[PDB]
Every structure is written in C-alpha cells, then in structure tokens.
Amino acid sequence: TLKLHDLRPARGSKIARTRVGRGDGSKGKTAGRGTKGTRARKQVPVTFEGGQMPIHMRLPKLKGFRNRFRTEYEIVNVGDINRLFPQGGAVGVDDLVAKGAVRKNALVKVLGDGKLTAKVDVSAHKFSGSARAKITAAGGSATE
Amino acid sequence: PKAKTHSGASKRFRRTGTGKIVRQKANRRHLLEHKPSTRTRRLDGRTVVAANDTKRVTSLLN
Amino acid sequence: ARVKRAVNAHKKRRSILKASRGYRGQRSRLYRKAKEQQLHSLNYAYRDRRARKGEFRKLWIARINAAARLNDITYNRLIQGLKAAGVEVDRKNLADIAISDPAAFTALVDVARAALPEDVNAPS
Amino acid sequence: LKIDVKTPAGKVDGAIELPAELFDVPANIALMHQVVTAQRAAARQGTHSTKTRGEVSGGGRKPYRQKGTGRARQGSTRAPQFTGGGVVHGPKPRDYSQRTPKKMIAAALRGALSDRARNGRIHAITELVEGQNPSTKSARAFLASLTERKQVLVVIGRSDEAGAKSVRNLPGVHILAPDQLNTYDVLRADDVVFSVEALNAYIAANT
RNA sequence: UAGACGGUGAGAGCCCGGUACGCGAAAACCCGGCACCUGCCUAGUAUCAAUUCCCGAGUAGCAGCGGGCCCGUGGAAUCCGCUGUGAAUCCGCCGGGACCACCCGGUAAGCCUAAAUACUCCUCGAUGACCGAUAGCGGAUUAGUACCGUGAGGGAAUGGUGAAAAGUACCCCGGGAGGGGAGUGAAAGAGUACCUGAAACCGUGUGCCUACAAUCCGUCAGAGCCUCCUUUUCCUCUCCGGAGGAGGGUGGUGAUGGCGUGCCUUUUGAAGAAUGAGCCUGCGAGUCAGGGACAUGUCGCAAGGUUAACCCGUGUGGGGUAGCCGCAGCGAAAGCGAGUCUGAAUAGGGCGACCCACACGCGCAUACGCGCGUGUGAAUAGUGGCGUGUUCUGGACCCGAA
RNA sequence: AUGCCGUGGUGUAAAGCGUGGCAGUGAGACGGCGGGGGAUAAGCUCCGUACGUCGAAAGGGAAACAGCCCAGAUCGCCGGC
RNA sequence: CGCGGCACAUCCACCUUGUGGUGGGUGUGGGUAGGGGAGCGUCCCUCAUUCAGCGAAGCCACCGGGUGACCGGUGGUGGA
Ligand SMILES: [Mg+2]
Ligand SMILES: [Mg+2]
Ligand SMILES: [Mg+2]
Ligand SMILES: [Mg+2]
Ligand SMILES: [Mg+2]
Ligand SMILES: [Mg+2]
Ligand SMILES: [Mg+2]
Ligand SMILES: [Mg+2]
Ligand SMILES: [Mg+2]
Ligand SMILES: [Mg+2]
Ligand SMILES: [Mg+2]
Ligand SMILES: [Mg+2]
Ligand SMILES: [Mg+2]
Ligand SMILES: [Mg+2]
Ligand SMILES: [Mg+2]
Ligand SMILES: [Mg+2]
Ligand SMILES: [Mg+2]
Ligand SMILES: [Mg+2]
Ligand SMILES: [Mg+2]
Ligand SMILES: [Mg+2]
Ligand SMILES: [Mg+2]
Ligand SMILES: [Mg+2]
Ligand SMILES: [Mg+2]
Ligand SMILES: [Mg+2]
Ligand SMILES: [Mg+2]
Ligand SMILES: [Mg+2]
Ligand SMILES: [Mg+2]
Ligand SMILES: [Mg+2]
Ligand SMILES: [Mg+2]
Ligand SMILES: [Mg+2]
Ligand SMILES: [Mg+2]
Ligand SMILES: [Mg+2]
Ligand SMILES: [Mg+2]
Ligand SMILES: [Mg+2]
Ligand SMILES: [Mg+2]
Ligand SMILES: [Mg+2]
Ligand SMILES: [Mg+2]
Ligand SMILES: [Mg+2]
Ligand SMILES: [Mg+2]
Ligand SMILES: [Mg+2]
Ligand SMILES: [Mg+2]
Ligand SMILES: [Mg+2]
Ligand SMILES: [Mg+2]
Ligand SMILES: [Mg+2]
Ligand SMILES: [Mg+2]
Ligand SMILES: [Mg+2]
Ligand SMILES: [Mg+2]
Ligand SMILES: [Mg+2]
Ligand SMILES: [Mg+2]
Ligand SMILES: [Mg+2]
Ligand SMILES: [Mg+2]
Ligand SMILES: [Mg+2]
Ligand SMILES: [Mg+2]
Ligand SMILES: [Mg+2]
Ligand SMILES: [Mg+2]
Ligand SMILES: [Mg+2]
Ligand SMILES: [Mg+2]
Ligand SMILES: [Mg+2]
Ligand SMILES: [Mg+2]
Ligand SMILES: [Mg+2]
Ligand SMILES: [Mg+2]
Ligand SMILES: [Mg+2]
Ligand SMILES: [Mg+2]
Ligand SMILES: [Mg+2]
Ligand SMILES: [Mg+2]
Ligand SMILES: [Mg+2]
Ligand SMILES: [Mg+2]
C-alpha cells in the first residue's frame, strides 16, 4: 500500500533556498555585494554604459519597414505528405490539421523538401515550383 | 506587471534562424566623399554581434 | 507563522557562560564579553599546544645540560657521542634518568665519551 | 482484477470487472508527491496580513532635529526598528493555487487506485443501507464485516442521500462523489468502498 | 439524519448550552397571486403614379488656437472646447487615417432603458499551515482617554490569585506598614505587591588566593590548601562503623615561570591617539505579486505540448480550442522556398538547411567513397508544471537629510 | 646578455582554449633592480619588471616591527632532524 | 620526518558496476571580497507512530556525547 508517509519527491528536484545575510559561516554581512557604490544599495540599469553613447545608440537602425498586409502561409513539406500518408488519397487543408503537420484556421502551402513516391492528391493554396514536379511525377495532381 | 522589451534595441538587432543576433554597421550614413569604395563596402551587410556584448543585447530584446 | 526568537537564542548563550566560569569582571557575567574572551582563550590554546612541544624540550635540554656537567662533559658533546654509539634515547627519557637515577646517566656519559672522535677539533 | 459486489446483510450477487488502463497503471511515487502537494496548497486560505511602515497609523512627521541633540536621527516614529512600527517583509495576502496539468493529475489518481486494487482493497457494495431512512448502527456493522482498518473512503452517488447520511459521523470515513475522486483522499484511505452504481459511473467516464 | 464548537474542578457523541433533523409568528415590513381600480386599441389594408412637401440649425462643413487618442503638429483622418464665417432634406448629408474619383456601410445635430460589473461604515452566519500583550487596530486595561499644542493636529503606557475567596478567625512585636505562630487549600515553593519567575544589578554565609607589587585580565606549565567518592598495609571496636595515615582520582581555588596590542566598521595599513557600542532582556534587515525575462535541476506528455476567461460541482475534481510557443528559412519589402537576398553572372559571399561503421550496389576505382538505393532502423525535440540562481517593473535588503 | 614569435624532442595530473550561470574588483602599499619630474632631496611623485612579500599569511629571526630574511598552519603527540 | 584521526581529488581491482558503497596506491586541504557543495536549531501544518496530572512545556543545576552549528541522560523547579 502507498500511504502519505511513503511519498517523497524525486532525488534532486527540491533543493534548499539560499537565505542570505545570516552569518559569517554563509554569505555574510554584505550578502554578496562587497562594494560601497551603486551596486551596494541600488540597481544599475541594463541600458546604461557608464556615460558613453550606448550599444543601442551607436549602431544604426535596421533598414526598412514591416509589411502591414503580409499574408503569410503555413508550411508542409512534400516529404511529410509521404510519411503521414503512405498509401495516397485526397490531401485537403482539413486532413493536414488532424494529422498534426499544420495549424488550425490558417492557409497551407506545400513545399518540396524530400522524396515522394505515393500517389498523393493534395489541395492547397499556392504550391511551390518544385512541388508540382514531385507530385505530377507520381500521378498526383495539384488543385486550388 | 508584464515585462517590457527595450523599444530602441528592437530596431537595431534582429535574429537569424539559429539564435544569432545580427546588427548593422556605422560610418556609412553621411560624409561619404573622402571614403573610398573599399571602406563603404566593408561597412555593408550585417555582422554577428560580438562575443563580449551578447549578454547585454539578449537582455534588451528579451 | 511568527517565531519568538528566544528558545533558539539562549543555547549559544549558556554554553559560553559555562566555559567562561573562573574569569574576573564582565568576562564571566555578560555574554558579549565572554564571547570576546573565548575567541582569545581558544586561540591561546592552539598557540600553546604547539608551543609546549618546544617548551618541555627546552627544559629537558637544561636538565641534561646540568647533569652532564656533573660528569664534566658538555651538552654539545654528549649528543654527538650518543648518536655515534647509536643510542636513540629521546630527551624526555634521557632527562628522567638524570633526575631519578644518577648511576645510570653516568653510564650513558662514559659511552658517549668513549665513542666520541679522538680529536674533536680535527677536520673529519 | 475481479471485485465481487457485496450486499447489506447478505451475499455476493454479481461481479464488476476493473479495467486495466484504469486500475493497473504502475505506481509512480515522484508524481503523486507533486499532485498531493499541489492540492494542499489549494487548501491554504492564504489570509494573513501585517502592516508596513506606510500603513501603520500616524508617523507622518520627523520627530526632532537631526543635528544638535546627540541622539540618533530617526526620520519617522513608525520606521521598522521602533517598538510599534511597521513590519518589514511581513506576510501579505497570498494565493497558492498551483497549475498542475490535467494528465499529471489523472495519471496520479489512476496510480493511486491501482495501488489499492493490487493489494485487494477496492470493494464494491450495492447500497449501504437497505431502506430509505438512514441508520448508522447497521452501516457501521456492514463496514466492519468488510474491513477492520481505521480509514475508509466511501464513494457513493450524488442522489443517494439515504446512505450518504448514514456515514457522515463515523470516525475515519470520508464521503465523495464519483467525479470528485482526487489523489489526496485515496492515499489517506486504506480501503476504497465503491457502489455498483458509482463504479460504473467512474469507469464509463474514462472508456 | 447528532464524533461541529465551547463550558463543566484535566483530553467528554452518552453531565450542561447545544449540533443533526424537524416545528414556530399576534403585529410590523418585504415579496407573490387574484379581485377592485387605472389606462390602451376597435378602422384600415393592398396595389399604383412619382409632380410637390417634410425627415431635428447659429448644429454640421471650412478656417484660427488648444485638449485627447499608439500618434509629442507631423502628410494628420475620426473625436471634444472657445472665436470668426456659416449650407443643404434624398440627385440629401456623414464615415471607411491627408486628398480626389468610383464603390460598399450608415442616417448625426431630441429622449428614455433591466442584466453582466465596482464597493462594505454597518447586520447576521461561517473560515485561517494569521497574531497571543514590545505581537495583533493607535486602542484586550478611564482609548482617540490621560498627556502635549494657542490652534490645525499629534497621541501613550497599564491583562493572568485559586477549581472555589474558602482573601490568613484568633494570639504575639509594632503608632502603623510589615512580620511570626496558628489556620484555609492539592499547593501560600498561589497571600489582592499574587501562575511559571530567566538575565542585568544588589546583599548575606562560606572553601581558596590577595597588603615588595607594573596584571587586553587570558592560556600552557605549576606547587600548596580545602572538599567529595575509592584500592591497598594497618587500628581490627568488623555484622560493626569504613578509625587514621600513604597512593590514585573528580570539583573549587592558583603562590609561581613562558607567550600574549579587546571586539566591530572602514582602510595602502588600526590595539589605537580613526568610527560605533554603559550593561542585560525582548524587538530590528534580499521578502512578495506576474502562465513575466534568461539560464539550470526534476517530473509529465512527446511531433506535439498547454489551456485563459468562463461553466457544472457540499473542495483540491471534471469540462472549456479562443490563444500562446514549437512545426523552415531568406529578404527593406513584392516575394520565392531547402533554399533566398546582393548581382548583368550555374562568379564570390552573407545568413539557413543537408546522418554512415557497413555489406550489397557503384561509367566500378591500384587503392580510398564520392553519385544512389529497400533496412543494416547513425540520433535529433520541443512544450507544460513545481524547485533554485540572477533579473525587469513596482517602496524592492534596512535605516538617514537639508 | 636577457626577453618575445614558431617548430622537433624529453618532463609534468589538478595547465590551457571554446561556450553558458554567478561574480566580485577597477583608491593599492612598501622592498630589490631599470629610468622620468624634483635640488639625481624625501616614509616625494609617475612608469617598467612570468620580480618578491603584504593586501588576503599565522609560525621562527631582525630588542619591539603590515611590506625586509627563513618558511606556507588539516587535527592530535610530555617524540627526532 | 615518525605514529594515530578526519576530509577532498584522482588512480588501480571488485558488485545493481556512478542512484553508488567496499579495498589499497599516490597527491592535496592558510585565506578577505567572492562562487560552489553539504548540514544544525526554533515555530507552524499533514500522514504515521509514541509519551503525558504515576507530572508535558519552559526554566536551573550536574554527569556525559558529536568533525561544526549543537545533542542526550539523571535530578530539582513547575503545572498542560
Ligand atoms: Mg558582523
Ligand atoms: Mg562593486
Ligand atoms: Mg572603495
Ligand atoms: Mg559598509
Ligand atoms: Mg558625455
Ligand atoms: Mg542613407
Ligand atoms: Mg563612393
Ligand atoms: Mg581563575
Ligand atoms: Mg617542533
Ligand atoms: Mg504615513
Ligand atoms: Mg520623511
Ligand atoms: Mg502595530
Ligand atoms: Mg482545471
Ligand atoms: Mg469537543
Ligand atoms: Mg441537549
Ligand atoms: Mg436625422
Ligand atoms: Mg475645427
Ligand atoms: Mg494633442
Ligand atoms: Mg480610405
Ligand atoms: Mg435619432
Ligand atoms: Mg441615458
Ligand atoms: Mg446597470
Ligand atoms: Mg458582498
Ligand atoms: Mg462578522
Ligand atoms: Mg499594544
Ligand atoms: Mg508574556
Ligand atoms: Mg489644552
Ligand atoms: Mg498574618
Ligand atoms: Mg505562615
Ligand atoms: Mg491542612
Ligand atoms: Mg496532584
Ligand atoms: Mg504547584
Ligand atoms: Mg513584582
Ligand atoms: Mg511568582
Ligand atoms: Mg606578598
Ligand atoms: Mg616591564
Ligand atoms: Mg601568569
Ligand atoms: Mg587613511
Ligand atoms: Mg580592502
Ligand atoms: Mg584607548
Ligand atoms: Mg577606540
Ligand atoms: Mg563612543
Ligand atoms: Mg545596542
Ligand atoms: Mg539581545
Ligand atoms: Mg524575418
Ligand atoms: Mg550560396
Ligand atoms: Mg517560493
Ligand atoms: Mg575609476
Ligand atoms: Mg586607478
Ligand atoms: Mg602601480
Ligand atoms: Mg616597485
Ligand atoms: Mg629608483
Ligand atoms: Mg610612496
Ligand atoms: Mg601615494
Ligand atoms: Mg608575517
Ligand atoms: Mg600568495
Ligand atoms: Mg613575526
Ligand atoms: Mg621575540
Ligand atoms: Mg640537531
Ligand atoms: Mg579552505
Ligand atoms: Mg597547508
Ligand atoms: Mg566568503
Ligand atoms: Mg515532582
Ligand atoms: Mg510550543
Ligand atoms: Mg543541553
Ligand atoms: Mg527532564
Ligand atoms: Mg522538566
């Protein structure tokens, strides 16, 4: 039988807490600070480099904007159309979600990394150039 | 109390595909007459942020 | 949970003021001065349990040097004579023979005298 | 694996089979210690307060001149080194509700019921009391013919108010719904006593 | 159907108030139904013409100066204020981030509106890995009282006899206060100064040392005296009782020799003639909140992991796919995609992908695996809990100004 | 003369280099040697030095002694060199 | 240097063969700021077990114990 005086945590998952400022036998009077300066009573900010013009005002801005209308696409390679579907059949946008290779409520796009032998028949948005030649080379077809 | 990222260093540092931090190079905005073309060309592109200043740039983007 | 600090704290106070009996002044009645004395009283024993190896030796040398000169040889020439004849008796026991039995320390002199080189000032 | 249903003042009428993916999971010690701890933390009411130096009443002025007297400068009469000042890093009201995943909770309950069923402790009874009015002298005797141990968890249905009233005031008997089995309560008990209407509700909630 | 909690001369379901579970309201107020009462409707509807009328005025638009929105006057739209100018009623007017044109959406300048939500001076009923008298409200005690201030305001300290007062009848010393003997009680080692009664500090009795000595007060050597428990060999009163000395040992003291510059902070360096402490007792300083940020330990599931609000539960239990992070990168971006950007370039770079130790296979090569194979099944791996170190925002380790 | 850069031997456990966590430190002091400013004064100042000690190092020696000489304390010992 | 006690690091043989113990080699252990590793004592809760008006806590003395914080036994006081 397992009772509550037989349960114990895994060896190493509960290590003791470092209580600091409690004697010369441990981290003593200064509690790991030592100094007599800003570090001994306050915090120094990260953005501050002692006065000179910092690392984020010497280097210039990264060039250019971000597109407000960049319609992205999700990605499934043609090498995982093979392994997930080893006997062919229709490959819609819906069945790729349930097999776990693409996200819900997004747009799919089949790329061409890998080898394809099974006669798949995939429907998607906006196929690659190298995916219409690894699918039609196995009797498949690529619709919209 | 949700942690803010630094609003200026996110315009001067971006990330590549393997966790590197890249940036641009200076001395290329103005006064470009007396700079020959073997100097304006060295300052083109993007370099990896140096190995001694990668802790203060991680803790500004994050 | 709030803890009154008192049952824990009175434990390093009783065992200083038991090891501080016999002292005179504030150094046996108060905790803050008996702790300052125990820091000095235990260092003066670590300093002196190592010094007293060299302080009983310093007395055995003087007791041999006294009883050597009742048999007209110096301590400079008794230890040479005992190392030459191969008598590895340490100086604690070589002193306690000289006190407690004078007719046995004499026979350790007449061995160290006879086993000494003939010209002690000659280069060898 | 095969637990026979008993009857109040009677005999064995049937048998109810305990499925293996619900009563023969291996007993993982280092997981049930985290589900038990994350449950007593949710029982902490977390109502404890003290006052800082900014909420202890008064203390607004500076009491005397900083240079001139020979006393130490003090700044406020309610700073935390005064007798009667605020408490520094005192307790505030806190919540302790840990956020354990669902699979770590379900697979620690199923490891708790399995460890009782492996040693022959899961019992099944058809009802505690054979009437509709409650009674304790019968249900104490009926749980004494099952077990002779100090801790019993009696899982009966929610709408069985005739027998739920019959085991409220027994010393060392806990009462919970079939959909309220948790890890801290099985592990306190020695002997889990289901109902044949209650065990079929727990098995058919997990296929 | 009562083992909640408290009281009773100590840990009580069966002694008591009660709890579980039932019963109860003259009158008052709250709510609900039916009546009375009060109001409303009982003339329009459908097709059709498209001429005319109307559809909220010093309002909208535009302009000047401001306010506020992610938006600090900027290319500045929607929205509001003041000052000028000041239309139109469906072919009307306004918005869709200057602006025009086309399209889609909508009818400003009149009004009213439950629910979801914020709060607790107060009322009753529950609860605490909250406090137990320097804590907890300032306030368990004349408590916003005494006291301080002209005033606004500031603002304390003080709880415990015993189960029951049974609170020491009576006698003695004393003016009394206080004691002693008696007594009450289990206890006066509980006497209205009162449970337990520590420490500083203050007496008294006693063993040892101390009036020729220069002492961070100790420590190592070390004699002598006193005290208490014991083997030996004796006195043998011996069942005695351990009578006395010698030897050994615990405890106290320490004549006397050697070494020895208190603690703390700050410093190049302190015994210090640098700073702090009269002594004791209590109190007084890296703590919390967040699915935060980075690492690391550990448990779960694993190409997936996980839920938030919320819902149903007498709880810690069960549901909940919105979402977040992983799943493919390059680019300023259109984009293209195991590749992409620069470029006139299948030139070179930048970032990113890409497995062998084989056999077989191999235009086979002296040899050596490059190109390519079914497995011989090279090892990738993330996400979510709880711990620890550091950190970000908040008072953020604590005290301190003018 | 030394010192430094590279390579081939021999020797050496607690050397190095790369990448993360966490730091402290950035007021030094005197002594030996080499030089500047000063008056070849200074317990003066500012430098160099795979130079030392102190700092952060007790013990023995220089009468006493942060910095000089000898030597680096794990604890015991009424033991030797 | 000689004889005993303790600790760390590596090496050599052995067993679940690092979740580690056993056995002998050799080296090593002054330390401020500081980093890492492992523990003692007080108080609260839960599970199990045990002692308590035949005297708990707390407080005082004495005889002992552990490498350190500190711990135990007996007596006295006292009253949950
Ligand atoms: Mg200190
Ligand atoms: Mg510093
Ligand atoms: Mg400084
Ligand atoms: Mg300081
Ligand atoms: Mg400047
Ligand atoms: Mg430019
Ligand atoms: Mg040019
Ligand atoms: Mg003395
Ligand atoms: Mg010596
Ligand atoms: Mg205030
Ligand atoms: Mg102030
Ligand atoms: Mg207070
Ligand atoms: Mg849940
Ligand atoms: Mg009770
Ligand atoms: Mg009753
Ligand atoms: Mg209108
Ligand atoms: Mg306007
Ligand atoms: Mg504005
Ligand atoms: Mg527009
Ligand atoms: Mg309207
Ligand atoms: Mg309104
Ligand atoms: Mg409302
Ligand atoms: Mg309310
Ligand atoms: Mg209330
Ligand atoms: Mg108070
Ligand atoms: Mg008290
Ligand atoms: Mg007045
Ligand atoms: Mg009297
Ligand atoms: Mg009396
Ligand atoms: Mg009596
Ligand atoms: Mg009694
Ligand atoms: Mg008593
Ligand atoms: Mg008193
Ligand atoms: Mg008293
Ligand atoms: Mg004298
Ligand atoms: Mg003198
Ligand atoms: Mg002396
Ligand atoms: Mg100075
Ligand atoms: Mg210093
Ligand atoms: Mg002085
Ligand atoms: Mg001083
Ligand atoms: Mg002073
Ligand atoms: Mg003080
Ligand atoms: Mg104190
Ligand atoms: Mg990008
Ligand atoms: Mg390329
Ligand atoms: Mg915590
Ligand atoms: Mg500086
Ligand atoms: Mg400097
Ligand atoms: Mg220098
Ligand atoms: Mg020099
Ligand atoms: Mg010189
Ligand atoms: Mg100088
Ligand atoms: Mg100087
Ligand atoms: Mg020295
Ligand atoms: Mg050194
Ligand atoms: Mg010296
Ligand atoms: Mg000397
Ligand atoms: Mg010699
Ligand atoms: Mg050390
Ligand atoms: Mg050493
Ligand atoms: Mg340290
Ligand atoms: Mg007693
Ligand atoms: Mg207690
Ligand atoms: Mg003790
Ligand atoms: Mg006792
Ligand atoms: Mg006691």
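Going by C-beta contacts inside 10 Å, put B:30, A:125, B:6 in order with the fewest on the left.
With the sparsest Cβ surroundings first, the list reads B:30, A:125, B:6.
Modelling each spin label as a point 7 Å along the Cα-to-Cβ direction, I'd like the residue D:205/residue D:72 distance in nm, to one decimal.
Between residue D:205 and residue D:72, the label points sit 6.1 nm apart.
At a threshold of 8 angstrom on Cα-Cα distance, excluding pairs fewer than six apart, so keeping six or more, what relative contact order does segment B:4-62 reach in percent?
44
If you scale each eigenvalue of the Cα gyration tensor by 5 and take the root, what three semi-axes come out for chain A, rounded to whole angstrom and sorted largest first?
So the three semi-axes of chain A are 57, 32, 12 Å.
With a cut-off of 8 Å between alpha carbons and a minimum separation of six or more residues, what is the relative contact order of chain A in percent?
That works out to 16 percent.
In segment C:50-76, which residues have a backbone nitrogen under 13 Å from the label point lying 7 Å from residue C:83's Cα in the Cα-to-Cβ direction?
C:76
Along the charge dipole of chain D, which of D:151, D:79, D:66 sits closest to the positive end, that is, farthest toward it, with unit charges on the beta carbon of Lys, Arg, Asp and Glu (+1, +1, -1, -1)?
Positive-end residue among those listed: D:66.
Put +1 on the Cβ of every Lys and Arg and -1 on every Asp and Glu Cβ in chain A; which of A:1, A:54, A:93 then has its Cα farthest towards the positive end of the dipole?
Going by the charge dipole, the pick is A:54.
Anything over 26 Å Cα to Cα? Flag those among D:6/D:137; A:29/C:4; A:63/A:126, in the order listed.
Violating the 26 Å limit, Cα to Cα: A:63/A:126.
Can you give the mean number of other chain Cβ atoms that lie within 10 Å of the Cβ atoms in peptide A:49-59?
That works out to 4 on average.
Report the calculated FRET efficiency for residue C:24 and residue D:44 (r = Cβ-Cβ distance, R0 = 45 Å), to the nearest 0.05.
Efficiency, rounded to the nearest 0.05: 0.20.
Under the Karplus relation 6.51 cos²θ - 1.76 cosθ + 1.60, θ = phi - 60°, what is the ordered set of whole-Hz ³J(HN,Hα) values for segment A:6-14, x standing for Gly and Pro?
Per-residue couplings from phi come out as 10, 8, 9, x, 5, 5, x, 8, 9 Hz.
Can you compute the label reach from residue D:24? Point 7 Å from Cα along the Cβ direction, backbone N cut-off under 15 Å, restricted to segment D:96-123.
D:111, D:114-120
Restricting to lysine pairs 8 or more places apart or on different chains, what number in chain B have Cα atoms under 27 Å apart?
The number of close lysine pairs in chain B is 13.
Along Cα→Cβ, 7 Å out, is where each label goes; now give me the distance between the ones at residue C:5 and residue A:126 in nm to one decimal.
6.9
Return the percentage of antiparallel bridges among DSSP beta bridges fully within chain D, rounded to the nearest 5 %.
20
Taking the Cβ of each residue in A:108, D:173 as the centre, tally the other Cβ atoms inside 10 Å and list the residues starting with the fewest.
D:173, A:108
How big is the protein assembly as shown along each principal axis, measuring the range of its Cα positions in Å and listing the largest first?
If we take the Cα atoms of the protein assembly as shown, the spans are 124, 105, 75 Å.
So what's the back-of-envelope 222 nm ellipticity for chain C, counting only DSSP H runs of four-plus at -39500 (n - 2.57) apiece and dividing by all residues, rounded to 500?
Calculated at 222 nm, the ellipticity per residue is -16000 deg cm²/dmol.
Starting from the amide H of residue D:3, placed 1.01 Å from N in the peptide plane, find each other amide H under 5 Å away whose residue is 5 or more places distant or on another chain.
D:16, D:18
Residue by residue, what Karplus-based ³J(HN,Hα) values in Hz, rounded to whole numbers, does segment D:57-63 have, using 6.51, -1.76 and 1.60 with θ = phi - 60° and x for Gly and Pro?
6, x, x, x, 9, 9, x
If one computes the Cα centroid of segment A:57-126 and of segment B:1-50, what distance in Å separates the two points?
31
Would you mind putting A:41-52, D:185-196 in packing order, based on average other-beta-carbon counts within 10 Å, highest first?
The densest-packed peptide leads the list: D:185-196, A:41-52.
What are the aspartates and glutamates whose alpha-carbon lies under 17 Å from the alpha-carbon of residue A:104, with same-chain residues fewer than 8 places away excluded?
A:72, A:74, A:94, A:95
Which net charge results for the neighbourhood of residue D:114, defined as the other residues with beta-carbon distances under 12 angstrom from its beta-carbon, given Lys and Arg at +1 and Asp and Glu at -1?
Spelling it out: positives minus negatives among the neighbours equals +1.
Whole-Hz ³J(HN,Hα) for each residue in segment D:165-181, computed from phi via Karplus 6.51 cos²θ - 1.76 cosθ + 1.60 with θ = phi - 60°, x for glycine and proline: what do you get?
Each residue's phi maps through the Karplus curve to give 6, 7, 10, 6, 9, 8, x, x, 9, 10, 10, 8, 5, x, 8, 9, 5 Hz.
Using +1 on the beta carbon of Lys and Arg, -1 on that of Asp and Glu, and nothing else charged, what's the dipole of chain A about the Cα centre, debye to 20?
The dipole of chain A has a size of about 1540 debye.
Note the per residue figure in Å³ for the convex hull of the C-alpha positions in segment D:117-196.
92
Please give, to one decimal in nm, the separation of the simple spin-label points placed at residue A:5 and residue A:138, each 7 Å out from Cα toward the Cβ.
It works out to 6.4 nm between the two label points.
In debye, nearest 20: dipole of the protein assembly as shown around its Cα centre with unit charges on the Cβ of K, R (+) and D, E (-)?
5300
Give me the extension gain from residue D:96 to residue D:182: residue separation times 0.36 nm, minus the current Cα-Cα distance, reported in nm with one decimal.
Contour length minus the Cα-Cα distance gives 29.2 nm.
Report, in debye and to the nearest 20, how large the dipole of chain D comes out about its Cα centre when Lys and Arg carry +1 and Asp and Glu carry -1 on their Cβ.
With only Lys, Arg, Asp and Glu charged at Cβ, the dipole is about 2500 debye.
So what's the back-of-envelope 222 nm ellipticity for chain A, counting only DSSP H runs of four-plus at -39500 (n - 2.57) apiece and dividing by all residues, rounded to 500?
Taking each H run of at least 4 residues, the total per residue is -3000 deg cm²/dmol.
Charges on Cβ only, +1 for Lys and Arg, -1 for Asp and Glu, centred on the Cα centroid of segment C:1-122; of C:26, C:7, C:39, which one is farthest towards the dipole's positive end?
Sorting the options by dipole projection puts first C:7.
Evaluate E = 1/(1 + (r/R0)^6) for residue C:74 and residue C:40, where r is the Cβ-Cβ distance and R0 equals 51 Å; express this FRET efficiency to the nearest 0.05.
Using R0 = 51 Å, I get an efficiency of 0.80.
Could I get the Rg over Rh figure for segment C:1-122? Both from C-alpha atoms, Rh via Kirkwood, rounded to two places.
We get a ratio of 1.39 for segment C:1-122.
Any idea how far the Cα center of segment D:2-31 sits from the one of segment D:75-119, in Å?
Each part's Cα centre sits 35 Å from the other's.
Can you tell me the length gained on complete extension of the stretch residue D:133 to residue D:104, counting 0.36 nm per residue apart and subtracting the Cα distance?
Roughly 6.4 nm would be gained on extension.
Every number in this text was worked out from the coordinates using simple rules, so none of it is lab data. We place every Cβ from the backbone using ideal geometry, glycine too, and count neighbours over all the protein chains shown.
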